[PDB]
């Protein structure tokens, strides 16, 4: 199983097998919430349409794809013991927030993801990244994962946009996999959760299969009632809209 190079909230690593078991065959895989890209990195579609509302994430992905060798060499320099301290971290954070250069920002973004607290990505209303120092003994430099990503990215387009716009990119040859922000246990509003479900319904009647994962709650069962539900116990829910 190919691991992602970012430490990202909600890694689909433990559930890959269950996702891949219910993911229909197609020419193209569309992911409105690509995040770290676990499913992308562990499937074999001829092409991918990958999207996310986080512009730093999408920008990072475009650069890793287009300037791999240059990026890896520059990012590797930041993963030395000399950078594993608060003062250095907070300066790199300030450099990130003040940089107007996508490359340098992409470089620093990997550093902050790995050295900051628990791989969080938080912004203030001014758009400034304000995650505190993570206090790790030895952050890991995901070189092997970076190279694998760029290689696999040659068949992927990246778009910064909301789920409604990326799902509209789907066609008869497409399969849609949705990994929305988690529903509440018994940000991403309840309206948007429900709205996502009705878009899936719209796609399944245009003969476009859609797979959605989320927590297994009373709310998710209601939003996804038009779909064939599958429960994964450890509890996760897979909602399959198949023509």
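Numbering follows the first chain given and starts at 1.
Undergrad: Indicate yes or no: is residue 234 absent from the model in at least a third of the other PDB entries of this protein that were compared?
TA: Missing in at least a third of the others, so yes.
Undergrad: Neighbours in the displayed sequence, residue 46 and residue 47 may still hide a gap; how many deposited residues lack coordinates there, none, 1 to 3, 4 to 9, or 10 or more?
TA: None; the chain is continuous from residue 46 to residue 47.
Undergrad: With residue 234 and residue 235 adjacent in the shown sequence, let me know how many deposited residues between them lack coordinates: none, 1 to 3, 4 to 9, or 10 or more.
TA: Going from residue 234 to residue 235, the model skips 10 or more residues of the deposited sequence.
Undergrad: Decide which of the stretches 165-173 and 125-133 has the higher mean C-alpha B-factor, going by the entry.
TA: Result of the comparison: 165-173.
Undergrad: Of the two stretches 49-57 and 187-195, which shows the higher Cα B-factor on average in the entry?
TA: According to the PDB entry, the answer is 187-195.
Undergrad: What third of its chain, lowest, middle or highest, does the C-alpha temperature factor of residue 81 fall into?
TA: Within its chain, residue 81 is a highest-third residue by C-alpha B-factor, going by the deposited values.
Undergrad: Would you mind ranking residue 214 by its C-alpha B-factor against the rest of the chain and naming the third, lowest, middle or highest?
TA: Ranked within chain, residue 214 CA B lands in the lowest tercile.
Undergrad: If you rank the chain by CA B-factor, which third does residue 200 end up in: lowest, middle or highest?
TA: Ranked within chain, residue 200 CA B lands in the middle tercile.
Undergrad: Taking the C-alpha B-factors as the PDB entry records them, is residue 94 in the lowest, middle or highest third of its chain?
TA: Lowest third.
Undergrad: In terms of the CA temperature factor given in the entry, to which third of its chain does residue 36 belong: lowest, middle or highest?
TA: For residue 36, the deposited C-alpha B-factor lands in the lowest third.
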